[PDB]
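If you read the sequences in order, they're chains A and A'. A prime marks a further copy of an entry chain.
Under PDB author numbering, the residues of the first sequence are numbered -1 to 71, 76 to 304, in order.
Under PDB author numbering, the residues of the second sequence are numbered -1 to 71, 76 to 304, in order.
We put the beta carbon where it would ideally sit given N, CA and C, even for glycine.
First the structure, in the form of structure tokens, and then the observations on it.
Protein chains: 2
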Amino acid sequence: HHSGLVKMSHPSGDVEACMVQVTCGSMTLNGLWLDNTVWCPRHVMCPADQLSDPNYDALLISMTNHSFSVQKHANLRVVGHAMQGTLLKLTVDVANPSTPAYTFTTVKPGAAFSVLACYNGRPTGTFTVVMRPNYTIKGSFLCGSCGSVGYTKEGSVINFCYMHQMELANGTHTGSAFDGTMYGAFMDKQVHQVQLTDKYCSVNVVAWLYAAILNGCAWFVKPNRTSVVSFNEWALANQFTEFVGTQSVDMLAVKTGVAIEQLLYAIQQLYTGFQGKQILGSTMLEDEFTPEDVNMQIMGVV
Amino acid sequence: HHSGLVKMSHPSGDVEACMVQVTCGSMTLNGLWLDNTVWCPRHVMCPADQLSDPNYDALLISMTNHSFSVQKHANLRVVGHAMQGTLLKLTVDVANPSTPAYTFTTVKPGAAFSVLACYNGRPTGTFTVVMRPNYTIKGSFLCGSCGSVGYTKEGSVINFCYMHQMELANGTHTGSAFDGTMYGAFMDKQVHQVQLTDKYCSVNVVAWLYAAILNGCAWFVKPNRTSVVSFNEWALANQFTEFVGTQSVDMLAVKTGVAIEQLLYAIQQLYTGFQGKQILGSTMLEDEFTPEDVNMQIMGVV
Ligand SMILES: *[C@H](O)[C@H](C[C@@H]1CCNC1=O)NC(=O)[C@H](CC(C)C)NC(=O)OC[C@@H]1C[C@H]1CC1CCCCC1
Ligand SMILES: *[C@H](O)[C@H](C[C@@H]1CCNC1=O)NC(=O)[C@H](CC(C)C)NC(=O)OC[C@@H]1C[C@H]1CC1CCCCC1
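Below is the structure:
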């Protein structure tokens, strides 16, 4: 049996129309052109020899407007520049005529978003990831991908939440929000940095166990229950996020007739082992699908 | 460690600009508007009471041009209609001004393609799948999704390979090629149909074991080797596709210094069990990534 679950991204066309190339003569990376503003990682200003301890304030001072070359695949004349956190805000003389309705938001651990991977201002692929509890994502990015963007979509409105910055020693990725902050405790410097420990996203594991029930797979469901408070105490000792219920989880509980606390108990038992059994073809807990994924893909509920 | 592998779809914008809604008064589904032609599943002509044994030849005869309502989210005036296999070809009076460069191709088992899931002519998500050895895909489709399209991209050229038709009793999906044939032995009738048995895609399992080596994970590699001929004899007895090497696999062998026949032996041993170990965080063989995925995402080679 197939669960009906796939890694589903938003259609990317509206964001593709916003991608540009930004060059400073050292690095080339991607930017996001909205209205009269082009957003891009500030390490475009960095010569390669200084990526390990850049002094971005001094680099910024050393630039003028024509230090930046912006191209859409048009040349966009830069008429202002500023730095916000780990991002540059370039003002250009032409408003993007394809600017979608948009907001800037921060994504929280466990939540999914879509990524448009771009190289040299050209969109090359799209994928979806969940923000990990340690503020990394398990992405697919190579040299030249910085400035690739992550977003969610509410209706017609694109909520931009991520601009790609760097790969960590363990192959995971991180980037900035459009307030210029890096996710987590990371710095946009190419040096060893402590990485917080990752954790299983409990709410998403619950979502996946509900997807299993919705597919007729419920061997792991017993009358036994663990309260949210008790589970969260356990979680802190076992590399699980604390569980916080949402209306999307509640909708899964209503549809299946299985209580959240029954699946919190199940998780505690499954964590110790699947005892040779499988759940939706897996022998380990899956936390890469959200309650909203399950509601939308299996139940049709957005 | 993260492998650097994700399920990567093409950017969807060029195909989004080709999607329309087609209605006959019973069903509404999606169509693909290229040049002056709109392609859509022929069961748009079907009243719901007849989806189990439709007589499509008689339905076709009963239609006229204005039996079909085509809308882009514009109304497109239908000025000709024809049936090719399980698809209708509607001729419209306006050429799609956003028609990309395109071809029609058939996809083969093990190969990946991108899907744009659409409802009521509106793109709603994108995902990637591999064509299974039994000519199904493990997709995510609900009522109203027929006419959603699958495609690959070579350069600027979109190779359309799939138009969605139906869900099978086991939750998997199938559809047609743009020559009008259904993939596999399936019929576009809503009745019980025998499903061929699925198999592990050996070439993709080899690709994934190479991705593991490229990530520093090679515990399963021994000097022991199994020839292609011997492996393929084994595969026929063990629900594996026969292995056929390609230049993309050869490139992985060259980069890692590990021979194909070493990984064919590894597969034969791993099939019987991982003995408590993991490979790229999995306890079972993974066949949803292609040699080309591994070359592109990990090595940068398209
Ligand atoms: C921008 O395109 C680029 C994206 C990276 C490149 C490879 N994959 C990606 O996702 N980002 C960078 O090159 C970034 C630049 C700094 C933020 C200024 N540097 C980066 O990602 O470097 C990666 C290497 C692994 C980290 C340094 C090691 C850490 C562990 C100790 C040894 C050094
Ligand atoms: C078109 O949008 C639609 C897509 C389907 C609906 C649900 N998920 C999908 O992917 N396609 C159909 O509705 C299709 C129409 C026929 C081809 C004319 N019918 C379809 O997919 O029916 C699905 C149900 C499961 C199959 C019938 C059972 C088979 C096993 C025995 C019992 C009947």
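Burial state of residue i, where buried means 16 or more other Cβ atoms lie within 10 Å
i	result
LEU198(A)	exposed
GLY259(A')	exposed
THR130(A')	buried
residue 73(A)	Missing from the coordinates: residue 73(A), inside the break in chain A from 71 to 76.
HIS41(A')	buried
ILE59(A)	exposed
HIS(-1)(A)	exposed
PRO225(A)	exposed
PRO99(A)	exposed
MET184(A)	buried
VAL109(A')	buried
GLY123(A)	buried
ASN53(A')	exposed
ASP33(A)	exposed
Neighbour flag for residue i against chain A', beta carbons, 8 angstroms
i	result
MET286(A)	yes
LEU3(A)	yes
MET133(A)	no
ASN172(A)	yes
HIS(-1)(A)	yes
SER7(A)	yes
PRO125(A)	yes
Chain-ordered chain A contacts of residue i [CB-CB under 7 angstroms]
i	result
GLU294(A')	Within 7 angstroms Cβ-Cβ: nothing; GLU294(A') doesn't reach chain A, min ~12 angstroms.
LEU144(A')	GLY302
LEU118(A')	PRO9
Proximity test, Cβ basis, 8 angstroms: residue i and chain A
i	result
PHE129(A')	yes
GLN299(A')	yes
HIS64(A')	no
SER147(A')	no
Of the listed residues the options, nearest to residue i (C-alpha basis)
i	options	result
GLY146(A)	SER65(A), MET165(A) and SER158(A)	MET165(A)
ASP252(A)	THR292(A), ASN122(A), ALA56(A) and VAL151(A)	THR292(A)
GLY275(A)	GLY278(A'), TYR273(A') and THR274(A')	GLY278(A')
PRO125(A')	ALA239(A'), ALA255(A') and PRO9(A')	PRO9(A')
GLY2(A')	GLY218(A'), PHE143(A'), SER178(A') and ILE269(A')	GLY218(A')
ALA239(A)	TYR273(A), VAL256(A), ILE281(A) and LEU265(A)	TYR273(A)
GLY157(A')	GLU169(A'), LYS140(A') and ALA103(A')	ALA103(A')
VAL196(A')	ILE262(A'), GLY182(A'), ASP12(A') and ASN136(A')	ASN136(A')
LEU78(A')	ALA214(A'), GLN19(A'), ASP190(A') and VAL230(A')	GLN19(A')
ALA171(A)	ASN161(A), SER150(A) and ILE139(A)	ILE139(A)
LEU90(A)	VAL109(A), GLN167(A) and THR174(A)	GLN167(A)
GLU169(A')	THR26(A'), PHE188(A') and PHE162(A')	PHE188(A')
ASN63(A')	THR93(A'), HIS71(A') and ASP55(A')	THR93(A')
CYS38(A)	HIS83(A), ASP12(A), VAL256(A) and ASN297(A)	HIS83(A)
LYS70(A')	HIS194(A'), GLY177(A') and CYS16(A')	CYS16(A')
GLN270(A)	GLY112(A), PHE106(A), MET286(A) and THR101(A)	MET286(A)
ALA113(A)	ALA97(A), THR105(A) and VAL132(A)	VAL132(A)
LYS155(A)	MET301(A), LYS5(A) and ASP12(A)	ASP12(A)
Listed by chain order, chain A' residues near residue i by CB distance under 7 angstroms
i	result
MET168(A)	Result: empty, since nearest Cβ-Cβ is about 14 angstroms, beyond 7 angstroms.
Proximal residues to residue i (C-beta, below 7 angstroms), its chain only, five neighbours per side dropped
i	result
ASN234(A')	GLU244 and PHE245
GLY182(A)	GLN86, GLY87, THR88 and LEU89
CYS22(A)	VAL42, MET43, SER65 and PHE66
Partner residues on chain A for residue i, Cβ-Cβ distance less than 8 angstroms
i	result
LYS140(A')	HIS0 and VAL4
Own chain residues within Cβ distance below 8 angstroms of residue i, not counting five before or after
i	result
residue 72(A)	Between 71 and 76 in chain A the model has nothing, and residue 72(A) is one of the residues in that span.
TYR121(A')	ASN28, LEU144, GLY146 and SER147
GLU14(A)	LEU118 and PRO125
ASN297(A')	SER250, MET253, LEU254, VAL303 and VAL304
Proximal chain A' residues relative to residue i, where beta-carbon distance stays under 9 angstroms
i	result
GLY11(A)	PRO9, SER10, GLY11, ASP12, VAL13, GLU14, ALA15 and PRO125
6 angstroms CB neighbourhood of residue i in its chain, flanking five on each side removed
i	result
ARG134(A')	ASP200
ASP289(A)	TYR202, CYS203, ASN206 and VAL207
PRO45(A')	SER24
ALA179(A')	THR108
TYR267(A)	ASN226, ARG227 and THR228
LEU265(A')	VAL208 and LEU211
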